[PDB]
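Lettering follows sequence order; numbering is per chain, from 1.
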Amino acid sequence: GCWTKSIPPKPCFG
Amino acid sequence: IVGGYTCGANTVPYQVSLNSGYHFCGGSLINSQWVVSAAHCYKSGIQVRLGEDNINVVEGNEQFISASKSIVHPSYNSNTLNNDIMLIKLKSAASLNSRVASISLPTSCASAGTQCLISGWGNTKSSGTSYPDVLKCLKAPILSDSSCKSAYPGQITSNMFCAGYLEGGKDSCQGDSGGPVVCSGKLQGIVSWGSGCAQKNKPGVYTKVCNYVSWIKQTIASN
Ligand SMILES: [Ca+2]
């Protein structure tokens, strides 16, 4: 699924 | 970084680690007082760590400096990730040296096929989790708009580009966000997002820095 590449990941719309 | 290699100590001297009791994002030093990162890396209490190779051992030549300001692009959108760029001002100027140096901003955009260097302390696994001590590097080409839009229907704006390998196995990953994509000595991208990491036909998506040069300059001047 759609995720940012931070720790932790945040969702994106996808 | 999945499928990358050990950069070598201080070979990416503009690379910084953003720390809040743990490494959570990367960034790129653009002058002695300013770091470029991703807007989704925004939070209070950011410490910028410069001159790092092994982020889990203190050698004595690191500079740890708090962020005094973290300014997201005013049109950042956390749903679409459009305008995923942030400027961090350091509370004190960094001391530039062999291990701490700024990366040039672009004067023109890059093109499909251009090979770029992507770096970070992010996850090195596409399934499961492994976080490296030392900085990892990946050479990756900018992909065509067509490839990018096929991979991410409805999701790619003029402020994004895809870079990587459609076969999978090589990508930026969680912990790499905000870090540099450098092409011919210019900062052309910021690690932003993707559908997982290193998956077939799901290349990394990056903020297109060349679109923001005027905003960067104006924001630095105003703050
Ligand atoms: Ca260290």
What distance do [X] atom [atom1] and [Y] atom [atom2] have between them, rounded to the nearest 0.5 Å?
| X | Y | atom1 | atom2 | value |
| --- | --- | --- | --- | --- |
| B:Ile142 | B:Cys183 | CD1 | SG | 4.5 Å |
| B:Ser150 | B:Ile156 | OG | CD1 | 10.0 Å |
| B:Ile216 | B:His73 | CD1 | NE2 | 9.0 Å |
| B:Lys217 | B:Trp34 | NZ | CH2 | 15.0 Å |
| B:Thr107 | B:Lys186 | OG1 | NZ | 6.0 Å |

Closest approach of [X] and [Y], non-hydrogen atoms and distance?
| X | Y | value |
| --- | --- | --- |
| B:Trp121 | B:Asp53 | NE1-O, 2.8 Å |
| B:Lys43 | B:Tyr22 | NZ-OH, 3.2 Å |
| B:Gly26 | B:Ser37 | O-OG, 2.8 Å |
| B:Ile103 | B:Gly185 | CD1-O, 3.7 Å |
| B:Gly113 | B:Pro141 | O-CB, 4.2 Å |
| B:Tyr76 | B:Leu81 | OH-CD2, 3.6 Å |

Residues B:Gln155, A:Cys2; criterion side chain to side chain contact (heavy atoms under 4.5 Å, CB included); working and verdict
CA-CA 10 Å; B:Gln155 309 158 249; A:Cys2 199; 4.1 Å; yes

Handout entry: side chain to side chain contact (heavy atoms under 4.5 Å, CB included) between B:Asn211 and B:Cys109, worked out
Key = CA-CA 8 Å; B:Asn211 290 356; B:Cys109 300; 4.0 Å; yes

Between [X] and [Y]: side-chain donor-acceptor atoms closer than 3.5 Å:
| X | Y | answer |
| --- | --- | --- |
| B:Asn82 | B:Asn77 | no |
| B:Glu52 | B:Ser17 | no |
| B:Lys136 | B:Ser119 | no |
| B:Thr114 | B:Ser111 | no |
| B:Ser172 | B:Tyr206 | yes |

Around atom [atom1] of [X], are there more than 12 heavy atoms from other residues, nucleotides or ligands closer than 6.0 Å?
| X | atom1 | result |
| --- | --- | --- |
| B:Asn223 | CG | yes |
| B:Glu167 | CD | yes |
| B:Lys149 | NZ | no |
| B:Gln115 | CD | yes |
| B:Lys69 | NZ | yes |

Steps toward side chain to side chain contact (heavy atoms under 4.5 Å, CB included) verdict (B:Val48, B:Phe64):
CA-CA 6 Å; B:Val48 181; B:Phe64 293 180; over 6 Å; no

Considering only heavy atoms from C-beta outward, does the side chain of [X] approach that of [Y] to under 4.5 Å?
| X | Y | answer |
| --- | --- | --- |
| B:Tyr131 | A:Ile7 | yes |
| B:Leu29 | B:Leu96 | yes |
| B:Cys116 | B:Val182 | no |
| B:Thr11 | B:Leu135 | no |
| B:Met160 | B:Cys148 | no |
| B:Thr157 | B:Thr80 | no |

Please list, one pair per line, the donor and acceptor atoms closer than 3.5 Å that link side chains of residues 193-201 of chain B to other protein atoms, with sequence neighbours excluded.
unit_1   : atom_1 : unit_2   : atom_2 : d
B:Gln199 : NE2    : B:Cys197 : O      : 2.9

request  = Give the intermediate values and the outcome of side chain to side chain contact (heavy atoms under 4.5 Å, CB included) for residues B:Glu59 and B:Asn54.
outcome  = CA-CA 9 Å; B:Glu59 205 66 50; B:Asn54 186 331; over 6 Å; no

Donor-acceptor contact present, side-chain [X] to main-chain [Y], <3.5 Å:
| X | Y | answer |
| --- | --- | --- |
| B:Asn56 | B:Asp133 | no |
| B:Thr124 | B:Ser130 | yes |
| B:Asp176 | B:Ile1 | yes |
| A:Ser6 | A:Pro8 | yes |
| B:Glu62 | B:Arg49 | no |
| B:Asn10 | B:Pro13 | no |
| B:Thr207 | B:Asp84 | yes |

Applying salt bridge (charged side-chain N to carboxylate O under 4.0 Å, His left out) to B:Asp171 and not counting sequence neighbours gives A:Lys5

Are [X] and [Y] joined in one hydrophobic group, where the rule is that I, L, V, M, F, W and Y side chains link up if heavy atoms are under 4.5 Å apart?
| X | Y | result |
| --- | --- | --- |
| B:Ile55 | B:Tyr14 | yes |
| B:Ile118 | A:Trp3 | no |
| B:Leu105 | B:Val12 | yes |
| B:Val100 | B:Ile65 | yes |

Donor-acceptor pairs under 3.5 angstrom involving side-chain atoms of residues 86-94 of chain B: please list them, not counting sequence neighbours.
none

